[PDB]
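# Survey of secondary and tertiary structure
Listed below, chain by chain, are the residues.
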Amino acid sequence: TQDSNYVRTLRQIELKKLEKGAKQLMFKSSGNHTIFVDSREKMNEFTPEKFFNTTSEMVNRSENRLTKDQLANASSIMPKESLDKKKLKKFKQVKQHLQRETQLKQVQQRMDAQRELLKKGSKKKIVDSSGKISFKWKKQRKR
Amino acid sequence: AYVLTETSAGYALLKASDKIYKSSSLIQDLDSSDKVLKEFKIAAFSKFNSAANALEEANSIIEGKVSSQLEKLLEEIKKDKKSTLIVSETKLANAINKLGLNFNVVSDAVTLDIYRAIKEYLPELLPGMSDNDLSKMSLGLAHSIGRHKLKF
Amino acid sequence: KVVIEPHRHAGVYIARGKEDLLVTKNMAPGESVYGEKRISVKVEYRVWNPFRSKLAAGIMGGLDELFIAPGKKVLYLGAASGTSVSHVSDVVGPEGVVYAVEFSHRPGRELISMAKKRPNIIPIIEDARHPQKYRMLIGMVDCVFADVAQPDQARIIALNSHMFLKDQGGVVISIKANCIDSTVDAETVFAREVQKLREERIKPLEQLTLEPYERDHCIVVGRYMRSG
Amino acid sequence: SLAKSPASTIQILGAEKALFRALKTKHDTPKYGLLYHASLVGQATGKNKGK
Amino acid sequence: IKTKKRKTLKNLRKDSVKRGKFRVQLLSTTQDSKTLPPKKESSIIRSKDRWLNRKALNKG
Amino acid sequence: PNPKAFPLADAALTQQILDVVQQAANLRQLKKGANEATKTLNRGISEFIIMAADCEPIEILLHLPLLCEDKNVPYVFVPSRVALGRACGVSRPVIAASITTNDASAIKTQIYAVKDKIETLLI
Amino acid sequence: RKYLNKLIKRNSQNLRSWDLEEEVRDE
Amino acid sequence: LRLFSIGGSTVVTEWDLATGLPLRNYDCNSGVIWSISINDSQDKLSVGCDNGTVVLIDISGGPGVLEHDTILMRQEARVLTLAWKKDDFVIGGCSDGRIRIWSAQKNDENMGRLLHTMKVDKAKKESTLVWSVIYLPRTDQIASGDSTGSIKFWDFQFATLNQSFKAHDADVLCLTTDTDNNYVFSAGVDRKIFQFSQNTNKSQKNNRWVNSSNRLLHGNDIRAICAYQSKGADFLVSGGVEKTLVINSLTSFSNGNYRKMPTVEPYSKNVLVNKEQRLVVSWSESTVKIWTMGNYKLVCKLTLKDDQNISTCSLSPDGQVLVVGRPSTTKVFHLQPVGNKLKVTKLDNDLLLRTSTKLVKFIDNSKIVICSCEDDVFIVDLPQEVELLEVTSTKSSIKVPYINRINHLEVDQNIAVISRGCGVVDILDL
């Protein structure tokens with residue numbers, strides 16, 4: 001019993017750290033953005049650059065399509081590598097938190113099944129095809 | 001004829017040079033601006049007094065039926081045995097139809113564009129009654145009535 | 001320590017630094033309503049959650065013409081807990097106002113307290129199907145944003161935009177296709193709904209899918225033309 | 001939020017420091033908490049205080 | 001030949017070019033869309049009529 | 001039956017739900033009681049929540065739908081807590097119970113069928 | 001017109017560096 | 001009176017009878033629609049949809065108005081047939097093989113709560129699916145055409161069957177009764193019509209429905225059967241994939257003369273001849289064929305490549321002139337013989353395009369007189385009109401909204417005749 005309390009405590013810590021990491025950090029969107037244009041000729045004559053009145057780079061960019069009129073790094077040191085290395089490493093830190101949490105979950109699954117084998121009842125040890133065993137209790141009311 | 005609209009201040013009646021044909025012509029002449037404002041500024045206003053409970057009861061019992069400020073409104077309105085009045089609610093319409101002026105009232109016709117125009121130009125009809133920013137006591141009414149509807 | 005960047009939609013800023021965030025200003029500092037963080041650079045700023053607001057993933061999903069402009073007046077339908085409403089009051093500021101309605105009671109109480117905290121809000125806590133008991137209050141709004149999960153989105157939005165929305169008004173609707181149908185393609189449900197609105201006199205500009213933030217959800221934006 | 005907490009955590013709502021120390025170091029978690037000053041648990045004697 | 005011809009006919013009838021990540025779309029003619037009830041779904045026709053012409057009952 | 005307890009299953013869905021409950025307790029996948037059910041919502045493993053309708057006062061289990069809305073868990077009221085306890089396997093009246101998750105049980109398919117019909121009933 | 005297009009390219013690169021990647025946009 | 005129709009998709013159209021075109025396409029929200037039925041007193045029509053769901057759309061406010069009223073409690077598999085007991089209970093017959101009763105009331109706790117299911121017994125190697133339920137009001141009962149081939153009389157209070165008939169050897173698709181509910185007529189896919197009766201003393205006393213007889217009539221199967229019974233009439237009318245209609249006496253079903261209606265009735269004609277150049281013109285949906293004869297040969301092969309309406313009325317005078325009139329648009333074509341083959345050229349006229357032309361008539365090879373859908377008279381050359389007398393509307397003219405419309409236009413060199421469904425003829429000097 002003390003063992004499974006320990007494991008569950010660790011898992012809950014990690015679960016909350018995962019939540020806070022995702023809260024802190026932004027992920028890029030990816031969704032279909034379909035325009036409704038009436039006439040077939042102007043539909044054929046569509047260009048994003050005029051429509052969102054921007055430059056093709058800023059067109060494919062989809063978190064800020066700041067216009068040409070809106071348009072009309074030296075702060076962060078070495079932004080080509082240091083900034084991007086930091087970006088990726090924040091992502092990896094959230095991912096690593098996630099794997100820690102799933103593993104602790106499984107360890108608690110195994111431990112919880114054992115504790116309940118210990119309790120009571122009239123069990124039956126059934127064996128699956130794959131090699132995995134399982135237990136199935138007799139149909140009885142605990143009193 | 002006449003039109004009735006309710007505010008966060010009080011009830012307003014406006015004279016109209018005749019109706020439904022006024023609805024047609026008004027949306028046809030694109031008539032929610034200063035031109036229609038000066039066409040029909042005001043005929044009459046009747047406040048409810050600025051006592052917070054008296055507001056909340058006037059407003060709740062206008063959500064249900066007809067209030068006493070509406071009563072004093074209805075004796076002050078009439079000039080003819082027959083009078084026909086637009087109301088944007090069928091409930092309030094049939095209530096005042098069965099109520100005591102004995103004059104015909106009409107329900108939700110195509111006079112939604114009329115009340116849209118009035119309800120736009122209406123704070124510029126506050127020159128007619130009281131040209132002050134009513135948006136405060138609008139918020140105050142919203143807060144007051146929500147706190148009414150909730151038990152609290 | 002942090003760089004700000006303006007956004008195409010005015011009133012929307014992005015903090016670029018060691019970590020990127022989507023952020024607005026604030027009107028009443030020294031507070032945080034829903035446990036969200038903030039950043040203060042000097043002036044306060046407050047971030048959203050596109051995992052918690054629909055409108056956020058509307059924005060940062062890349063959205064060309066949203067019509068909520070800083071000075072304006074914005075109706076909000078289906079404001080549970082008002083977190084997105086707080087964001088709406090931040091993005092309008094004092095010269096614009098927001099008209100947030102909710103049906104039930106517990107998001108209503110939270111709405112009421114947050115409306116106590118903020119100026120820009122008037123809350124309507126009456127039912128959303130019937131627009132009369134607050135045509136008494138609401139005044140001739142500019143834009144309408146609505147998320148209701150009740151399947152009568154066409155009807156509620158038709159009635160509310162008829163009664164309140166300015167001509168050439170802006171309307172932005174959310175949809176959960178899994179609430180509407182839950183049999184067929186979510187795309188098909190979306191096309192069915194844009195046909196509803198196009199019958200109901202709203203000209204539809206844009207459709208957008210919030211694929212990596214919610215499941216099966218759509219945002220549809222359009223103009224409102226020549227009605228009463 | 002107090003309404004939504006379960007019943008065990010209402011038992012252990014006062015003694016969190018001893019709780020998380022005991023949980024983390026595999027020791028027997030504290031058992032009265034903040035209810036200890038109620039008149040009933042001030043009326044019991046020993047294991048009956050815990051129960 | 002004629003295969004490519006009604007290929008070109010279908011590609012006239014079509015109403016969307018995938019503009020990279022973005023897509024384009026159009027809205028139908030208002031007169032027809034108002035004047036006549038909308039199309040059947042092939043799902044419904046297949047289900048009902050296939051059920052009636054199942055082979056379990058020896059139709060024919 | 002209170003209008004408090006809104007999404008209420010009927011006879012047919014009630015039988016299917018209590019059939020999955022019986023299977024789950026034989027395999028020991030079931031958390032019995034309202035405090036225990038709140039705990040497993042909090043740990044965030046639970047499959048779905050089955051509540052009684054006639055526990056009077058109703059509020060003591062009414063604290064669960066706010067958690068289920070927050071966490072997106074499906075939940076269903078069934079009519080009688082005597083029946084829920086019998087189907088659950090104990091000697092008592094049980095007013096809430098909670099199917100927990102073990103992705104390689106032998107009742108994963110039946111759980112999903114019931115959980116899908118519940119989510120339709122909510123939605 | 002070149003004064004427009006030069007200023008166009010100007011802030012473009014001033015934002016192109018702020019929010020993009022190539023080798024990192026995969027991982 | 002108004003006509004509501006389920007076209008196969010997710011709308012419910014209610015038709016303006018006068019223009020013969022949809023007064024309003026309502027969009028019921030929940031998914032594709034499989035069946036429809038009004039309640040009693042016509043205030044509330046309910047559609048059942050293959051989300052499994054049942055929607056109530058109510059009708060107050062006369063024409064052109066509908067409102068999404070209510071959605072009763074949903075369930076898994078699709079709903080095939082509806083009936084209403086009264087204003088109060090919606091009986092649905094649905095594809096699992098089972099019959100459900102919802103409670104469509106107002107102001108009761110049990111509003112919209114599915115409160116009974118009743119499972120029809122299933123077949124061996126298949127999914128049964130209850131095609132057809134109806135309510136029978138003298139006794140309490142409901143009755144059930146089953147995809148096995150059965151007919152099961154469930155009684156409603158206590159919701160548990162009384163009678164069970166393995167009626168006929170393939171799946172039932174229609175049911176109906178008579179006004180006294182002495183006769184349930186069931187109509188199959190194996191082309192039979194069974195009559196189950198209750199008219200005798202013991203049968204009315206103790207509810208026993210007895211399958212008095214059957215009769216087969218049809219060629220292929222039956223898809224709709226309807227009874228009617230009043231001081232003038234007792235007939236039931238059947239129809240199916242054998243494209244016809246079959247009328248029977250009702251009470252004397254097995255002792256009585258039927259009548260097999262003709263398949264096609266030429267009231268709206270579909271072929272017109274040209275004595276000039278020895279021509280025949282036919283037109284089916286969006287397609288136009290012309291032959292000549294003398295042997296007979298093809299002449300012209302028209303596919304209206306932009307026409308989603310059915311070609312209503314077409315004309316071709318002497319010479320090479322053709323007009324095709326749609327209830328939405330109208331088009332004009334000129335022909336040219338280059339031998340056995342012909343060349344076509346569509347012309348242009350906005351008066352043809354935006355104006356819906358029901359009836360077309362040629363004065364000569366020059367000019368055309370038109371009756372447009374709103375009973376309007378047009379005179380065109382290739383915007384002239386003549387005004388008409390209007391009769392005062394009587395009661396049934398108010399009821400049926402096209403009895404005062406324009407039936408027939410007949411043209412001569414200068415003289416025309418208008419006929420109106422009330423039976424009016426006017427003569428026109430154009």
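For the structure given in this document, a descriptive report is provided here.

## Here's the deal with the overall build of chain F
The helix and strand inventory of chain F stands at six helices and four strands. Secondary structure elements of chain F occur, N-terminal to C-terminal, as α-β-α-β-α-α-β-α-β-α. The C-alpha atoms of chain F give a radius of gyration of 13 Å, which matches the 14 Å a tight globule of 123 residues would have. When its C-alpha atoms are laid out on the principal axes, chain F stretches across 35 × 30 × 25 Å. Taken over 123 residues, chain F has a buried fraction of 50%. Relative to all contacts within chain F whose residues are 6 or more apart in sequence, the contacts with residues 24 or more apart total 85%. Between the mean site of the 13 positive side-chain charges and the mean site of the 12 negative ones, chain F shows a separation of 8 Å.

## As for the overall build of chain C
A tally of regular secondary structure across chain C gives six helices and twelve strands. Its C-alpha atoms give chain C a radius of gyration of 17 Å, within 12% of the compact-globule value 17 Å for 228 residues. Projected onto the principal axes, the alpha-carbon positions of chain C cover approximately 50 × 40 × 35 Å. The buried share of chain C, reckoned over its 228 residues, is 61%. Element-wise, carbon and sulfur atoms account for 52% of the exposed surface of chain C, whose accessible area totals about 8,700 Å². Looking at charge distribution, chain C has the averaged site of its 32 positive side-chain charges lying 5 Å from that of its 28 negative ones.

## Some remarks on the pattern of salt bridges
The partner of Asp 70 of chain F in a salt bridge is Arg 52 of chain C, with the nearest N and O atoms 3.8 Å apart. On the criterion of chain membership, the pair formed by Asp 70 of chain F in helix α4 (residues 64–71) and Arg 52 of chain C in the loop between β5 (44–47) and α1 (54–60) is interchain, its members lying in two chains. The shortest N-O distance in the salt bridge between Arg 326 of chain H and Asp 307 of chain H comes to 2.8 Å. Of this pair, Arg 326 of chain H sits in the loop between β29 (321–325) and β30 (330–337) while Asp 307 of chain H sits in the loop between β27 (297–303) and β28 (313–315), placing them 19 residues apart in sequence.

## Structural notes on the interface of chain C and chain A
At the interface, 30 residues of chain C touch 28 residues of chain A. Of all elements in the fold, only β1 (3–6), β2 (13–16) and β11 (202–209) of chain C reach the threshold of two or more residues within the side of chain C that touches chain A. If one sorts the elements of the side of chain C that touches chain A by residue count, β11 of chain C sits on top with six residues. Considered class by class, the residues forming the side of chain C that touches chain A number 13 nonpolar, seven polar and ten charged. Judged from the three bridges that link them, strand β1 (residues 33–36) of chain A and β11 of chain C form a sheet pairing that is antiparallel. By the bridge assignment, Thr 34 of chain A is partnered in β11 of chain C with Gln 207 of chain C.

## A few points about the sheet that holds strand β33 (residues 368–372) of chain H
Residues and elements named next belong to chain H. Overall, antiparallel pairing links the three strands, which are arranged β32-β33-β34 in an open sheet. Looking at the sheet topology across the chains shown, the edges are occupied by β32 (357–362) and β34 (376–380). Each neighbouring strand pair of the sheet contributes to a mean axis angle of 20°, computed without reference to strand direction. Here β32 pairs with β33 via five bridges, running antiparallel. Opposite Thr 357, over in β33, you have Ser 372 as the bridge partner.

## Brief notes about the packing of aromatic side chains
An angle of 90° between the planes, with centres 5.8 Å apart, marks the rings of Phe 27 of chain A and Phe 51 of chain C as edge-to-face. One end of the pair, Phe 27 of chain A, is in the loop between α1 (2–24) and β1; the other, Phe 51 of chain C, is in the loop between β5 and α1, on a second chain. A centroid spacing of 5.4 Å and a plane angle of 45° characterise the contact between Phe 51 of chain C and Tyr 213 of chain C, whose relative ring orientation is tilted. Of the two residues, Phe 51 of chain C is situated in the loop between β5 and α1 and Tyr 213 of chain C in the loop between β11 and β12 (217–224); the sequence distance between them amounts to 162 residues. Chaining the aromatic ring pairs together yields one cluster made of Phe 153, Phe 165, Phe 194, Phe 196 and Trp 209 of chain H. A cation over an aromatic ring shows up here: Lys 26 of chain D above the ring of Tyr 6 of chain A, its NZ or CZ 4.6 Å from the ring centre.

About the criteria used
Residues numbered from 1 in each chain as written, not as in the entry; some residues may be left out. Chains lettered and ligands numbered in written order. Part of a larger assembly, values for the part shown. Heavy atoms only, no water. Residues with missing side-chain atoms left out of burial classes, pairs and counts. Helix = DSSP H or I, 4+ residues; strand = E, 2+ residues; numbered from the N terminus. Rg over C-alpha atoms; globule rule 2.2 N^0.38 Å. Buried < 20%, exposed > 50% of the residue type's maximum accessible area, 1.4 Å probe, protein only. Contact = heavy atoms within 4.5 Å. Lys, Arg positive; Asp, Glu negative; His and termini not counted. Charge placed at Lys NZ, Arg CZ, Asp CG, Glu CD. Areas by Shrake-Rupley, 256 points an atom, 1.4 Å probe, with all protein chains shown as cover. Salt bridge = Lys/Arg side-chain N within 4 Å of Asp/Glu carboxyl O. Nonpolar A, V, L, I, M, F, W, Y, C, P; charged D, E, K, R; others polar. Pairing = 2+ DSSP bridges. Axes fitted to C-alpha atoms, helices over the stretch in contact; angles between N-to-C directions. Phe/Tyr/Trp six-rings, centres within 6.5 Å; stacked < 30°, edge-to-face > 60°. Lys NZ or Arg CZ within 6 Å of the ring centre and 35° of its normal.

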